[PDB]
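This is the structure I want to talk about, given as structure tokens.
As written, the chain order gives the labels A, B, C, D, E and F, with residue 1 at the start of each chain.
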């Protein structure tokens, strides 16, 4: 017949190989494909859906108090409210997001992030915040006067209720000091009427943008191990 | 794999993983055979990836890897891995009549060979497997919650075909399952809390943050730190 | 306006036979509220024309059109996440026993989230915007509208054994006003779309 | 020659494989194909031939008394005669039929069934029956008045002698309480002349229709194990 | 298999089944060889399927699976499976001259190899095998009923080619036969009663219903229940 | 190279197989075919002689 010879690497089971194999049941015809809503073909479709940051990543924030930052009429005129360390690799506010969970299955990420802050005070609550983006390696500001040398915007949340803050292209695991910051200072005080509550809250979101990229897939550090009824399958 | 993206749901999920690892003893005295109900709930690394989705449609590429060790010379044994789907009868014993079944697909392989490999097709009667089922199996109130009867793949029964010998050797059967032709619908939040069982989605959380019940992310000192 | 009763698409899907809103009881939202949930079609199986179609036929196939409306003054604050969860297999807290029939099938009254931070199934509320969802920020809007397609691997299904969609209303920012004793009602209206039934 | 390497799954004997193999006798020419009547190419051709139900599935019906239901002049005006549980999976009237035996070689069936009831009284025997189909999960009726809310027909067996009752598409093993019922009530009494017998019988048939389907083949629960002369072949 | 229907008579019947399983001992003292007349009457699961039809025309794909076990190291033995058709002489002993026959097709295979596999062609002199024969074999009244002389496939004789050794090992020969190119005529009722012999279609029935003589289906209380 | 797998029936010696095999002497050219009278191509030619 055909003269053959066996190469080095015959008979091995590489777990990542892509060959066909013997169908254990031929002529079993599976149930044909019905149209089910919301098919995911690419995990970058999931990563671009916005999801809440825990910008209240502290003790004494029990459960859902971690998802919101309270601003009040007793906060100072130029007080620092919160800062968001731009760590997808490290456990921070971005860990339990759709952009933070899917990216921990991969080793190298690269792309632009998209932060959205939504003000959740009353209709007549008025004030100004100033959201400052600090590039990696730059100094995280402490005063409102210092935070003018970088990319910052002044947000009057009487006019708007939402603000999109495009974080520029980072390229991710090229640094391996921090990978960036987003801080927020009071500009004015919180001005509420007497019937409104004097404490108002912010919700932060983050999504990836269209230039986002994930490669060199690993297993996630988040899950890991007992399981009850694990020997019921045997 | 060979896409462009590496985040394709085919690329994200078609990746061979040890779904089952059980040794079973074999001797001349009269379980002496391997049996495993085919699911993915057993290992939490593959489980959390497949629980990112609500509906999954895939073929299953089983790869039985069999080692033998002494309790001189490792014997060359013949094994039978037999896929018993849902609706057929399973062997209760190693020498039962159900191993002789014409209709249950068996495979006969040696320890000296490369590992046995089959592709189990899409075995559901619906158009996708229900990773999460918000319902009850039986038409009574005694049914279990979260268990779709249409969702079971089958059983993978593995025995040693050889007759019983006085020698002492333990046979370890590693089963590697690798999904193929994955179609996936309706993505879900990734699970933060640790699993309590494989039969359900109960939650307790860890004692302290991270992944605690009231604190998923580990804390910092202040919000302004 | 559908039928005689008068008052966005999930995944880009529009479902295409009797052809109206079933206004559920208004729930009352306060500062201590954790959330509310209604499983569909379990919330509608004991009500009206849909309930007569469920209890006399054997298989159902229908989409849903949900209007949540939260009516408050301009001195109230707070945000709701009105999110529809397909196949919301609930988990029970701190036990290995699966939730019973009473813990899941609550009827028209619906349920309350015990731990809404984890969506009562060990997942996260932060990532719960991967589902079809809308926000009710009382600063900005007071209503939400979610279209729900036929979400099933099966072609038709059992209404008394399985609930495909779960409408969840979770207060992310709690209800606030100066004298913290105020309530804000939330009214849920569910209209079934393309009510196909078989097995009379 | 050709450089090769052995994949995982070489040397195995899958019992369901479809490869060719070595002909043990080449140039033996088998007897060529004569035309024999009644070739079966598909087992759904067998499943569509009508065959008798045992609608008298009781004790004291010995042998062929199980195949027929007797109606008499002493039965009540609205008495229940028989009900047929639509179980192909479970042992009932449909077990030993052509649609019931071939389908127990398979796990999932789906299609419409076709029941035929044939009245076998005398020529001048007259009366009305009412055959009621109950969908799965519905209430099996006990009175003739109750059985009007479902699919029912009124059969005057003076006019006709046979009735076809199309059972609608079930989809079979989707339920895994019952999968349906077919009941029969007396409407009138049995009217016979004085020379005719006052007891008349019904024969029920069932076949599958053209939309019937069988998949995921298994081995039948009906046969199973001594065999005499089994060691004569050795 | 690869049809559309899964109820094709090719798909319904071409399915490998253990038609013969007999160990035979082998030693240095002077049956020490395997011999089996090729039929399908031996196992009732395959028998009832083929007895759904009156006439069958098929090739037979034999697969000899051979294991060895101790009564250190399993010896690599050479076996000879020799198909003796109807009309040729069969070996009476393991060392007979009939194993050296030029015209009886043998196959020489090792225990270390993949299992031996041949295809026996359609061996009948008529155009189909008679699954049921309503007649007598010989032209006398001493002929047996239901045995067509044209219907016999042949014999499958299996021996160990190696010379006799003092070691004690039992050789088990599983024979797997899988029909091919099945054409089938004149379908029949499926058998309800249990078989009594393999030579004929005698019937006794079970003691109680189901599958009893006077009650094939198990009873219910009343017809109106 | 080419990914292969061994079928059941590899390494066996069926006595009735029809494969080619290794010529033990290549470039040995046998004596070419002369015309010899009375060639038999079919054994039914022999069976028809009285």
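Please note the rule applied: contacts are C-beta pairs under 8 Å (C-beta built on N, C-alpha and C of every residue); 3 or more make two chains touch, one makes a residue touch a chain.
To keep track of the chains, here are their UniProt names: C = Genome polyprotein.
Between the interfaces A-B and A-F, more contacting C-beta pairs are found at A-B. By residue number, the contact pairs of D-E overlap by more than half with those of exactly one pair in A-B, B-D or A-E, and this pair is A-B. Put simply, the C-alpha centre of subunit D and that of subunit F have 57 angstrom between them. The mean-CA centres of subunit B and subunit D are about 38 angstrom from one another, to the nearest whole unit.
Between subunit C (Genome polyprotein) and subunit D the centroid-to-centroid distance comes to 45 Å (mean Cα coordinates, whole Å).
Averaged Cα coordinates give subunit E a centre that lies 32 Å from the centre of subunit F. In subunit E, the residues touching two or more other chains are 1-2, 5-6, 8, 11, 15-17, 45, 63, 65, 105, 107, 113-115, 117-118. Shared contact sites, meaning residues of subunit A that touch two or more other chains, fall at 4, 7, 11-13, 19, 21-26, 28-29, 34, 36-38, 46, 54, 63, 66, 96, 98, 101, 228-229.
The residues of subunit C (Genome polyprotein) that reach two or more other chains are 11, 96, 115, 117, 124-128, 130, 151-154, listed in rising order. Only residues 1-2, 5-9, 11-12, 15-17, 22, 35-37, 39, 41-42, 44-45, 47-49, 52-53, 55, 57, 61-63, 65, 83, 85, 105, 107, 113-115, 117-128, 176, 178, 183-187, 189-192, 194-199, 210-211, 213-225 of subunit B touch subunit A when the two sit together in their complex.
Interface residues of subunit D, counted against subunit C (Genome polyprotein) in their complex, comprise 135-138, 149-151, 174. Subunit E makes touch with subunit A in their complex at residues 1-6, 8, 11. On the side of subunit A, the complex with subunit C (Genome polyprotein) involves touching residues 34, 36-38, 46, 49-54, 63-64, 66-68, 96-98, 101, 118-125, 161, 193-201, 203, 205, 228-229. Taken together, the subunit E residues at the contact with subunit F in this complex read 63, 102, 105-110, 113-118.
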